[PDB]
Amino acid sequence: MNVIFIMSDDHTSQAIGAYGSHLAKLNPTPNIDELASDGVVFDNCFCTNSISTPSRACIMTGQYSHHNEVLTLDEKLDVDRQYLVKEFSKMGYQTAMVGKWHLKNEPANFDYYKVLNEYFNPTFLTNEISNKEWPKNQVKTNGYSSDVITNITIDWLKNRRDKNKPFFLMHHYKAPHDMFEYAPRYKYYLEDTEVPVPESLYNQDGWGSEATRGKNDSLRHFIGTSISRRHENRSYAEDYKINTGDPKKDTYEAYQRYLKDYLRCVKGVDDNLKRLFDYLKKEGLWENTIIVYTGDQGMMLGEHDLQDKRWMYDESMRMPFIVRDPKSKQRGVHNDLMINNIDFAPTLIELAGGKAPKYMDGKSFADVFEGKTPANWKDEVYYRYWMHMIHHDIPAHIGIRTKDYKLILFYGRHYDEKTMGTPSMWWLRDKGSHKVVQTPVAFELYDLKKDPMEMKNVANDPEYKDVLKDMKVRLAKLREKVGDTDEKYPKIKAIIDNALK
């Protein structure tokens, strides 16, 4: 069967109606919900490292960041590590890459590519041009990027695809990534509707730890960019220049404007999927094509007064992940198996008739689509955010999540010693940027059954003493087992080993 892998940049699970959040009553994604109504919604799909380039490298390689080497936004994925597409090509698929490309090197292992690397009249690099090589093979387009990107894929399917060969197509939207430049036809979408506000926008009593707030909350203006003006250097309230005279009203108005601009970008993607899905039905591909819809990671939409991703908190860590397999009987169902973006490539390869590659860290959960739990499937996932402080003043951390608990260890250092001591926000160099410095080392523990919104860090609660001890052992063992043991980074190894002992 064919495969279309659709991924939107920073499309978080709260903003898909099928995940049933407080936003779902706005019906933000009717066409994604219709896809979900005939497929599987995975409730427990997590990235291992919540930023665009690392997550996409995990998808492409089936490997953890410390193996594929894409630790942060700053790194590139080697061409010869484009494993997912190389495996499909080896099964005789024609391969195509369309849209937003974060992996920096040429998509050279794709038969066809037309990529960004721009919200209006985007320019693409594409090997449809004969007399120019990457990165000079550029083509200008007219119009809004979500509409243009959808047309590139439909035009490829209609006019270029070899109709006698199966295809593997990665279809990547730039929306709804910052700066949420939505198409002007959506300017008044939601204009008169209040976006539901999470109570954690204002109430953070019990959330976090000394690692994320400082002793005596001494670092709340330092760690974690904000919706409110809590963070002294970067916030939506300041960026939007909202100044009503009431800081809670400022926070409310910045939240509303953030969420509405974001949901207008989501709406543009969802409307374009109607056009793509209608084409696939008309062309006769709907019943022989596996369709995946996912976001590369989640996003904090103001929960706990936080923004962006990177955090291991569930809104950022969880990826929306919807699969419609037309040969499966799992249609209109949810599945709670604990899965990672590193599992996507082996699962897709098996769903397309191949064998899970043994050099990958991830494993195939393809059995789910036959109504069976895969053999010896993990009940915990590992998480690590490496990019200490840069851009959003979020400290580096590792963690483990089960179905029942999440344990986070903030180790609060950058792995690159030369980066320690630099400004975290380059645009505020010599304008008061915080510096990339050691932040407090602490654990956070969340009881996910009683406290799914992660409002209450119970790491220091006596009632949770045994759970904490057990979770630290589980974290220490998983980290050793996946090989993320920091021999290259002695200062961090010492912090983490000492904290887990």
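When you see a residue number, it is the position in the sequence shown, counting from 1.
- [ ] Could you bin the unmodelled part of the deposited chain lying between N117 and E118 as none, 1 to 3, 4 to 9, or 10 or more?
- [x] The entry has 4 to 9 unmodelled residues between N117 and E118.
Task: Higher-scoring stretch by recorded Cα B factor average, 200 to 208 or 339 to 347 - done: For C-alpha atoms only, the mean B-factor is higher in 200 to 208.
Task: Greater mean Cα temperature factor according to the PDB record, 303 to 311 or 186 to 194 - done: Higher mean C-alpha B-factor in the PDB entry: 186 to 194.
- [ ] Name the residue from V40, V436, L26, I59 with the greatest C-alpha temperature factor listed in the entry.
- [x] Max CA B-factor in the entry, restricted to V40, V436, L26, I59: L26.
Task: Selection by C-alpha B-factor (highest) of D271, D278, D250, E128 - done: Among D271, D278, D250, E128, the highest C-alpha B-factor in the entry belongs to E128.
- [ ] Using the B-factor values recorded in the entry, state whether the Cα atom of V458 falls in the lowest, middle or highest third among the modelled residues of its chain.
- [x] Its C-alpha B-factor, which the entry lists for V458, ranks in the highest third among residues of this chain.
- [ ] Pull the Cα B-factor of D484 out of the PDB entry and bin it into the chain's lowest, middle or highest third.
- [x] It belongs to the middle third of the chain when residues are ordered by C-alpha B-factor.
TODO: Relative to the other modelled residues of the same chain, rank the CA B-factor of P166 and answer lowest, middle or highest third.
DONE: Highest third - that is where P166 ends up once the chain's C-alpha B-factors are sorted.
- [ ] Determine, from the deposited record, the chain-internal third of the Cα B-factor for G214: lowest, middle or highest.
- [x] CA B-factor rank for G214: middle third.
- [ ] Using the B-factors in the PDB entry, rank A18's C-alpha atom against the chain and give the third, lowest, middle or highest.
- [x] Tercile = highest for this residue's CA B-factor.
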